[PDB]
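Presented below is the structure to which this report refers.
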Amino acid sequence: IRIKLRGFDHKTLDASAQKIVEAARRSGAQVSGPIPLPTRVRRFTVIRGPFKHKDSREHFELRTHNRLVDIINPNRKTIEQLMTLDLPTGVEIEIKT
Amino acid sequence: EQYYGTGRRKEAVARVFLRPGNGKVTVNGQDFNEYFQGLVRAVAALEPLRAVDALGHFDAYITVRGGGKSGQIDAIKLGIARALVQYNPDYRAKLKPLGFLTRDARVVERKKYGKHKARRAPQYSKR
Amino acid sequence: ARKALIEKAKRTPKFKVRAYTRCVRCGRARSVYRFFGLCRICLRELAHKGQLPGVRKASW
Amino acid sequence: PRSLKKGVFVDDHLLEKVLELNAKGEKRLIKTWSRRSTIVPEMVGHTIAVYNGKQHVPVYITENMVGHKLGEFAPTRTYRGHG
Amino acid sequence: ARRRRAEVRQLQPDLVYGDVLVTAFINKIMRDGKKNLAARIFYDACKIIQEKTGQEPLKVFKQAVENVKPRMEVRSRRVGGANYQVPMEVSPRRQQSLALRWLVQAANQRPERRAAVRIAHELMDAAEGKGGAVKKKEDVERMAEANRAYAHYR
Amino acid sequence: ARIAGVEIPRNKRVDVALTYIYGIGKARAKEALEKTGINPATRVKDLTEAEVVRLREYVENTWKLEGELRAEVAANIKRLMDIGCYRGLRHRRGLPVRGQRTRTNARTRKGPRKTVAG
Amino acid sequence: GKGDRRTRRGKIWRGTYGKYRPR
RNA sequence: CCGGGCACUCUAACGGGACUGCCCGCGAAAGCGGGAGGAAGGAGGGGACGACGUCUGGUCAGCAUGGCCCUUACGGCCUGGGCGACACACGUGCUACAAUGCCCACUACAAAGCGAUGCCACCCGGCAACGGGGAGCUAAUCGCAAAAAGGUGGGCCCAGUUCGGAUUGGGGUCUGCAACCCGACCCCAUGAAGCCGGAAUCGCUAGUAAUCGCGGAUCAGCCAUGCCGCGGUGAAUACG
Ligand SMILES: [Mg+2]
Ligand SMILES: [Mg+2]
Ligand SMILES: [Mg+2]
Ligand SMILES: [Mg+2]
Ligand SMILES: [Mg+2]
Ligand SMILES: [Mg+2]
Ligand SMILES: [Mg+2]
Ligand SMILES: [Mg+2]
Ligand SMILES: [Mg+2]
Ligand SMILES: [Mg+2]
Ligand SMILES: [Mg+2]
Ligand SMILES: [Mg+2]
Ligand SMILES: [Mg+2]
Ligand SMILES: [Mg+2]
Ligand SMILES: [Mg+2]
Ligand SMILES: [Mg+2]
Ligand SMILES: [Mg+2]
Ligand SMILES: [Mg+2]
Ligand SMILES: [Mg+2]
Ligand SMILES: [Mg+2]
Ligand SMILES: [Mg+2]
Ligand SMILES: [Mg+2]
Ligand SMILES: [Mg+2]
Ligand SMILES: [Mg+2]
Ligand SMILES: [Zn+2]
C-alpha cells in the first residue's frame with residue numbers, strides 16, 4: 001500500500017510524513033521510509049507597473065513538494081488506525097496500492 | 001580491489017572506478033577513442049594518470065552523464081584524480097600544485113529580464 | 001463599455017470561438033492567467049498580501 | 001484554403017436566394033453581407049450587392065470568377081494616392 | 001580599469017607540444033567557440049609545414065612569431081590643436097599579442113581556397129623574411145621611426 | 001538550343017545543369033534522372049547521344065517549360081487582373097499580393113526608395 | 001540558410017517536418 | 001528485464017564548512033602585501049532587496065476615486081468593415097552576402113519545463129504537411145523529445161554559385177460557424193536585392209562576449225524573427 005502526500009509548504013508536509021512513519025511502527029509492517037520526490041516548480045513573471053514599463057519585472061513561484069510512504073505488510077490493525085490522523089489542512093494525501 | 005572517484009563539472013557527472021590492469025579504459029561501455037572520437041582535448045582527462053607514473057598500470061571504468069563532451073572530459077579528469085588520491089594519501093603531492101583535485105565551479109550565468117542574455121544589453125540609442 | 005463587456009464575456013456565445021477569458025477581479029481582458037483566473041496586476045497585488053497559497057517571491 | 005474533405009462553404013441564406021430565384025423569375029438584385037460566401041456556378045448571371053462595410057457594391061458574376069469569394073470583388077479601402 | 005591592474009589569463013599548454021604559444025595561436029584562429037575546428041586547422045597547417053620545409057613545425061612557428069614581433073608602435077594623442085603619433089615601446093606580452101593577431105589576419109588575407117594551407121603558407125612565409133604580417137610590422141616600425149621628434153610627448 | 005531550347009552549362013553535373021531550365025528545379029532535376037537511367041554524377045560534356053536525346057524527349061514530354069510556362073503564368077495574372085479580383089487590383093499597382101505589410105518594407109514589389117519632403 | 005524551407009536547417013528553424021526533415 | 005543492494009550518481013530536508021581563521025612582513029590602529037592548508041581566500045560567483053527626496057515624470061484605458069459632462073444617447077445589441085492603408089522618414093530585430101562554408105547520409109552528448117474539450121507511443125496510407133486505428137500516462141512511471149553546434153564519410157570548386165530565399169503562379173493539409181480584406185504549415189515551379197555596408201553609432205571584463213539548439217506564459221489556430229527562462233561549445237583584451 002502506497003501513500004503519496006503533497007503540499008505547498010515543505011515543513012508541514014515533512015511533519016505529516018514523519019507522523020505517518022512513526023505511527024506506522026505501532027504495529028510494525030516493515031515500514032518504508034518517507035522518500036522525497038522532485039519538487040515541481042511553476043513560475044510566473046509579471047510587469048511590475050500597471051502601464052508601459054516592460055523592462056521591470058517581478059518573478060513569483062509556486063512549488064509542490066511530494067513525499068512517498070510505503071508499508072510492506074498490510075497491518076490491518078495499523079491500517080484502520082490510519083483513518084483518523086492529525087493531518088494539516090495544507091497537506092493533500094492519496095492512498096493507493 | 002576497486003578505487004572510486006566522483007567528478008563533477010558543468011552539469012556533467014562522472015563515476016570512475018580503478019582496478020589493476022593492463023591499462024584498458026572504458027567510458028559508458030565503449031572505448032575512450034570511440035566515445036570522444038575526433039576530440040583533440042580528450043587526452044587531457046588522463047593528465048593525472050601521467051603526473052603519477054601509473055598511466056598504463058590502471059584499468060579504468062567510467063560512467064558519465066549530463067553536460068557535454070568537454071564537461072564530461074573534465075569531470076573524468078577530476079574523478080580520476082580523486083580516485084588516485086584515494087589510492088594513497090601520498091598522491092596529493094604532484095596533483096595539488098597542478099590543481100587536479102579542485103572543483104571548477106564556473107557555471108552558466110542565468111538570464112536576467114531587460115537583457116537579451118546574462119549580460120548582453122539591448123542596443124541603445126539616445127533619440 | 002466596461003460592465004456590459006464583463007457580463008457579455010460571462011455569457012455563453014453562439015460559437016465556441018467567441019468565448020474569451022477575463023480577469024475575475026477587475027475585468028481585464030489582457031494578460032489573464034489560466035491557473036488563477038486573474039490578470040498580472042491583480043496577481044501581483046494578491047501575491048504581495050499573502051492571499052495566494054504557496055505563491056512566493058522567486059529568486060535563484 | 002478550406003479542406004476538400006469539407007464542402008465549399010455558402011451561408012445558406014444567399015444560396016436560398018439564388019435557388020428560389022432560379023425557379024421563380026430568375027433575375028433580380030440581391031443585397032448580401034456574406035462576403036465569405038463562395039460563388040457557385042448557379043450564381044452566374046446574377047447581380048449581387050455585396051457589403052464593403054459601408055455600401056453594397058453591385059457585382060455581376062461570370063464564369064471565370066466562380067471559385068472566388070464575393071468579398072474579393074468589393075474593395076474595402078479607398079486609396080487613390082499620396083498627394 | 002581605474003582601480004588596479006588586470007590579471008593576465010594563464011592559458012593551458014596544448015596537449016601535443018605542451019606549448020602555451022600554440023594555445024594562444026589556436027585561440028586567435030578560433031571564432032564562435034569552434035575550438036576543435038581551429039585546432040584541426042592548426043594541425044593540418046603543421047602537417048603541411050612538415051611536408052615542405054621539412055624542419056620542426058614548432059621551430060618554424062616560433063621563428064614566424066619572433067619575426068612578426070614589433071618593438072615600436074605609435075599611439076595617437078591630441079595636444080593643443082593637433083594630433084600626434086607618439087612612438088612608444090611595446091611590452092613583451094603586447095608583442096606576442098600583436099604578432100599572433102597580425103599572423104592570423106595576414107593568413108586570412110591570402111587567396112588560397114582552404115584555411116589550413118593559408119595558415120601554413122603564411123607561417124613559412126614569415127619564417128624567413130616575407131609575408132603580410134612582416135610587412136605590417138615593418139610599416140608600424142617605420143611609422144614609429146618617422147615620429148622620433150615627438151618622443152617627448154608621452 | 002539543347003534541351004527545351006536552352007543550353008545547360010557544361011563542366012557541371014547533369015542534375016545541377018538541368019536546374020538552369022525555366023520550370024525545372026532540383027526535385028524535377030532528380031525525377032528526370034531517376035526515370036531515364038542516367039547517373040547524376042556525370043558531367044554534361046560527357047554524355048552519350050542516346051542519353052541526351054532520351055533525356056530531352058522525356059523532359060519535353062513530361063513538364064510544361066520555358067515560354068509555354070511563362071505564357072501560362074502571364075495568362076493567369078491577366079485573368080486575375082481583368083475580373084477585378086483583389087489580387088488583380090494589387091497586381092495592377094505592383095503591390096504585395098499575399099497580404100504583407102506596406103507601411104515599411106515591400107521593396108521587392110515597389111522598387112527603389114522615392115524619398116519625398118517631410 | 002535558415003530562411004530556406006527546403007532544407008533540414010530551415011525546417012529546424014521553423015520547427016516543422018516534411019520531406020526535407022523527416023521524422 | 002528480474003531477483004537483490006542503497007555501494008555510487010541522483011532526488012529533498014536537516015547540518016557542517018570560510019571566519020584575515022593561521023605563519024612572515026608592513027603599520028598606532030583599521031587594515032595592505034606574501035604563503036600554507038582547503039572544493040572554496042579575502043564580499044567565494046549570481047539573485048531578492050532601492051534611503052530623505054527629485055522629476056507639475058507615467059497611468060482617470062487594469063482597478064479605485066473628487067469634480068464636470070450625456071441620459072428613446074456620448075448608454076446597450078447585431079452584421080460587415082477598420083486597428084493589417086502606403087509617394088516616404090526613424091527605432092528594435094531576423095536572415096545573409098559564403099570554403100573556419102553549403103548540401104546529403106549515418107552516428108553521439110544536456111538542462112529546465114509542460115501535459116485530462118490534454119500529451120500522444122507504436123502500426124497503416126500520402127513525397128509531405130497530415131489523416132485512420134490505437135497503447136501508456138491524472139504522470140522521477142507514459143509522452144512532448146528531435147537536441148543542434150559536434151564526430152565520420154561523400155558531393156559542390158570561387159561562380160550571384162549546390163551562396164542567398166524575397167516576390168509571384170499552381171496544387172494541398174489543419175484550426176476555426178467562417179482563412180477575401182486578414183492565419184499557420186507541406187509539395188511543385190519561380191530564384192529578387194545582397195560581394196561585408198557614408199557621416200556615424202551599440203554591447204560586452206569569464207563560463208562573460210560570440211555562437212548552437214531546447215522549453216514555457218498568452219493561446220481553437222497563429223502572423224513569436226518578440227518576451228521570460230535553460231543548457232552545449234567557448235575566446236580576446238585592460239598598458240593606463
Ligand atoms: Mg547560453
Ligand atoms: Mg460606445
Ligand atoms: Mg480564444
Ligand atoms: Mg483573455
Ligand atoms: Mg570596475
Ligand atoms: Mg530551373
Ligand atoms: Mg545512503
Ligand atoms: Mg505632466
Ligand atoms: Mg500624457
Ligand atoms: Mg476611471
Ligand atoms: Mg475620474
Ligand atoms: Mg497595431
Ligand atoms: Mg496589409
Ligand atoms: Mg525601440
Ligand atoms: Mg535594423
Ligand atoms: Mg528572418
Ligand atoms: Mg543558388
Ligand atoms: Mg541555398
Ligand atoms: Mg484571414
Ligand atoms: Mg544586383
Ligand atoms: Mg562572390
Ligand atoms: Mg545613431
Ligand atoms: Mg565591470
Ligand atoms: Mg524581428
Ligand atoms: Zn485584474
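Hydrogens, waters and symmetry mates play no part in the numbers below; they use all other heavy atoms, side chains included. By convention in this document, chain letters (A, B, ...) are assigned in the order of the sequence lines, proteins followed by strands, and residues within each chain are numbered from 1.
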field: Minimal non-hydrogen separation, A:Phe60 against C:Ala58, with atom names
entry: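 Reported closest heavy-atom pair: C-CB, 3.8 Å.
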Compile the donor-acceptor pairs under 3.5 Å between side chains in residues 34-56 of chain A and protein atoms, sequence neighbours left out, one pair per line.
unit_1  : atom_1 : unit_2  : atom_2 : d
A:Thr45 : OG1    : A:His59 : ND1    : 2.8
A:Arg48 : NE     : A:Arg57 : O      : 3.2
A:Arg48 : NH2    : A:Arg57 : O      : 3.4

field: Largest heavy-atom contact set with chain A, pairs under 4.5 Å, which of C:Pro53, C:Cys39, C:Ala47
entry: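 Heavy-atom pair counts peak at C:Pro53.
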- prompt: Using 4.0 Å as the upper bound for N to carboxylate O, is an ion pair formed by A:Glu61 and C:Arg56?
  reply: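 Salt bridge: no.
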query: Measuring heavy-atom distances to chain A, does C:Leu43 have an atom under 4.5 Å in its side chain, in its backbone, in both, or in neither?
result: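 Only the side chain of C:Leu43 comes within 4.5 Å of chain A.
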- prompt: With a 4.5 Å heavy-atom cut-off, do A:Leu62 and C:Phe35 have their side chains touching?
  reply: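 Touching, per the 4.5 Å side-chain cut-off.
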